[PDB]
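Remarks on the structure that follows.
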Amino acid sequence: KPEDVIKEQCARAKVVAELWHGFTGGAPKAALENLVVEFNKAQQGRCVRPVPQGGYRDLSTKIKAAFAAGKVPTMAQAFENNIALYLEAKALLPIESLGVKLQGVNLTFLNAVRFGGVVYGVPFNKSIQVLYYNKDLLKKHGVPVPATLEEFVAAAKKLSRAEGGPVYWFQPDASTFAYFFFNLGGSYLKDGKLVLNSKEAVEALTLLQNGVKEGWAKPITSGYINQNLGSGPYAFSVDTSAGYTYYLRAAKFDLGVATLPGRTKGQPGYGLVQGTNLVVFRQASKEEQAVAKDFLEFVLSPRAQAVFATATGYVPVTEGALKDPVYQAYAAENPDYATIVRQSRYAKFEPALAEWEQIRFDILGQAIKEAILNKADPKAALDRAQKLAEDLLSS
Ligand SMILES: Nc1nc2c(ncn2[C@@H]2O[C@H](COP(=O)(O)O[C@H]3[C@@H](O)[C@H](n4ccc(=O)[nH]c4=O)O[C@@H]3CO)[C@H]3CC(O)(O)C[C@H]32)c(=O)[nH]1
Ligand SMILES: [Cl-]
Ligand SMILES: [Cl-]
Ligand SMILES: [Cl-]
């Protein structure tokens, strides 16, 4: 049990760099822990100690309480918006001040961690939405993998009519809304103001609500989509690439991965980037900062990125990982790894505002739930969302 190996390693260690994370289980936790085990074996009297804090929400709550207690870890996972918050407390060390080489890091990921031209996180476990599908059910009715939004809606209506149930499955959440929002032309910032109730937002939440009404879209309200498979016919979902191993373990059908449906066949749809960067806290000792620096270079190494990404479905964050021969041997046998990397080229982010975490869940996520689960009018729901977000941003 890797966490027991680590406990051993950290008992013999004079310097311990804690890494707080939001991995609850599955291949993400196993892959992170095996990376830490390998790192700690190459050290003398130093170690990284991974500390699970629950999910990502629990992680941000515990880090906020750790600032209030004056007792922060050396390292933590953080979304771009949590970085924006931690920078208000001036709590983060610039990554290049530690001497970490960032050559070859995907500019899409590195751009997203740059604040005032300064890098404040290391892209580590970065995910892109993909189209998951049931290869067996598409073949069953002679439906091609949809390459456009128009094709995707047609195929969902057609398969749902043949199978007697809604076959496009979705969580009624900010993450899923962002796929429809972005690919119908929407943008959250207008002249620097945050806007949740633009016509593209209404149009996106309307298309989901219409899907449920019309019997082709199924809201999943208890657990992840991959925890609901096996009850009812499933054709498609739009979901994190980091769900890959979870879909594989649950599916009693032949699982497919495709690039997202776009406006036209000229380009795949944009996917929402999720997963986290590693930050290093100023309050960490020099010695703890030197462990973090060596661990961040480890995790950016082509071999660590190849193993991590092929174990999980996360996007390798470096050009070097794609040339690593362990990556190439898995990719030669499994085209899904190339599909995920191809989708990572068509990538959008939610806004990196200090307050975004609270807005995405308690305000925008609530509006999407009211519209889908209580049939609130999309516009009235999003107009409330806007007002709640302006009041929060004002305060
Ligand atoms: N706190 C906070 N969360 C945020 C923010 N922006 C986006 N997200 C959340 O990132 C999750 C995506 O991050 P990702 O690393 O791609 O995927 C996660 C898991 O989601 C996914 N998972 C786990 C278990 C399972 O059975 N199935 C499965 O797919 O595996 C990974 C490790 O747990 C979304 C999902 C969400 O948690 O509902 C809310 C979303 C933010 O600003 N703050
Ligand atoms: Cl069944
Ligand atoms: Cl079956
Ligand atoms: Cl109101």
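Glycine gets a Cβ as well: all are built from the backbone with ideal geometry, and neighbour counts include every protein chain shown. Only the coordinates and a few stated rules stand behind these numbers; no lab work does.
In whole Å, largest first, what are the principal axis extents of the Cα atoms in the range 65-176?
Projected onto its principal axes, the Cα set of the range 65-176 covers 59, 35, 22 Å.
Using per-residue counts of other Cβ atoms within 10 Å, averaged over each peptide, order 385-393, 160-168, 312-320 from highest down.
On the way: 385-393: 16.4, 160-168: 18.3, 312-320: 23.3.
The most tightly packed comes first, giving 312-320, 160-168, 385-393.
How high is the relative contact order of the range 184-259, in percent, with contacts defined as C-alpha pairs under 8 Å that are six or more residues apart? Numbers along the way, then the final one.
Details: 31 pairs, mean separation 13.9, N = 76.
Reported as a whole number, the value is 18 percent.
If you fit an axis through the alpha-carbon atoms of helix 2-11 and take the longest principal axis of the Cα set of the chain, what angle between them do you get, 0 to 90°, nearest 10?
Computed tilt is about 20 degrees.
Angle between the Cα long axis of helix 378-394 and the longest principal axis of the chain, 0 to 90 degrees, nearest 10?
30 degrees
Within the range 106-205, count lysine pairs with alpha carbon atoms under 15 angstrom apart where the residues are 8 or more positions apart or belong to different chains. Each step should come with its number before you reach the end.
Working: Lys139/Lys158; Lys140/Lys157; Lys140/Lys158; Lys190/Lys199.
Summing the qualifying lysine pairs gives 4.
Can you tell me the alpha carbon radius of gyration of the range 4-68 divided by the globular rule-of-thumb value 2.2 N^0.38 Å?
Numbers: Rg = 12.6 Å, N = 65, 2.2 N^0.38 = 10.7 Å.
The reported ratio for this selection is 1.17.
Under 1.5 on a/c is rounded, so check that first for the range 102-142, then, if it is not, pick prolate when a/b is larger than b/c and oblate when it is not; a ≥ b ≥ c are the square roots of the alpha carbon gyration tensor eigenvalues. Intermediate values should be presented prior to the final figure.
Values: a/c = 4.90, a/b = 4.31, b/c = 1.14.
It comes out prolate by the Cα gyration axes.
Report relative contact order for the chain in percent, whole number only (criteria: Cα-Cα under 8 Å, sequence separation at least 6).
The normalised contact order for the chain reaches 25 percent.
Output needed for the range 342-395: three equivalent-ellipsoid semi-axes, defined as square roots of 5 times the C-alpha gyration tensor eigenvalues, in descending order, whole Å.
Numbers: eigenvalues 100, 63, 14 Å².
They are 22, 18, 8 Å, listed largest first.
Excluding residues fewer than 8 places away in the same chain, name every one of the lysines whose C-alpha is closer than 16 Å to that of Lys286.
Once the sequence-local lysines are set aside, what remains near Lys286 is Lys14, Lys71.
Please compute, over every Cα-Cα pair in the range 197-285, the percentage with a separation greater than 17 angstrom. Show your work: numbers first, answer last.
On the way: 2614 of 3916 pairs.
Of all Cα-Cα distances in the range 197-285, 67 percent exceed 17 Å.
Mind listing the phi-derived Karplus ³J(HN,Hα) values for the range 76-89, rounded to whole Hz, using 6.51, -1.76 and 1.60 with θ = phi - 60°, and x for any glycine or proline?
Listing the rounded values in order: 8, 5, 7, 5, 4, 6, 6, 4, 4, 4, 4, 5, 4, 7 Hz.
Describe numerically, in nm with one decimal, the distance between label points set 7 Å from Cα along Cα→Cβ at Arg303 and at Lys90.
Result: 4.1 nm between the two label points.
For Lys101, list the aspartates and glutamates whose Cα falls under 16 Å from its own Cα; do not include residues on the same chain fewer than 8 positions away.
List returned: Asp294, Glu297, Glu319.
For the Cα atoms of the chain, what angle does the longest principal axis make with the long axis of helix 26-41, in degrees from 0 to 90, nearest 10?
Orientation of helix 26-41: about 20 degrees from the principal axis.
Would you calculate a helix-derived [θ] at 222 nm for the chain, using -39,500 (n - 2.57) for each DSSP H run of n ≥ 4 and dividing by the full residue count, to the nearest 500? Kindly include the intermediate steps, with their values, before the conclusion.
Values: 17 runs with 184 residues, N = 395.
Mean residue ellipticity at 222 nm (helix-derived): -14000 deg cm²/dmol.
First obtain the Kirkwood hydrodynamic radius of the range 1-143 from its Cα pairs, then insert it into the Stokes-Einstein equation at 25 °C and 0.890 mPa s, and state the resulting D in µm² per second as a whole number. Before the final figure, lay out the partial values.
Numbers: Rh = 17.5 Å.
Once the numbers are plugged in, D ends up at 140 µm²/s.
Return the ratio Rg/(2.2 N^0.38 Å) for the range 274-395, where Rg is computed over Cα atoms only.
On the way: Rg = 20.5 Å, N = 122, 2.2 N^0.38 = 13.7 Å.
That works out to 1.50 for the range 274-395.
The chain: D in µm²/s via Stokes-Einstein (Kirkwood Rh, Cα pairs, 4 °C, 1.567 mPa s)? List each step's numbers first, then the result.
Numbers: Rh = 22.0 Å.
Here the translational diffusion coefficient equals 59 µm²/s.
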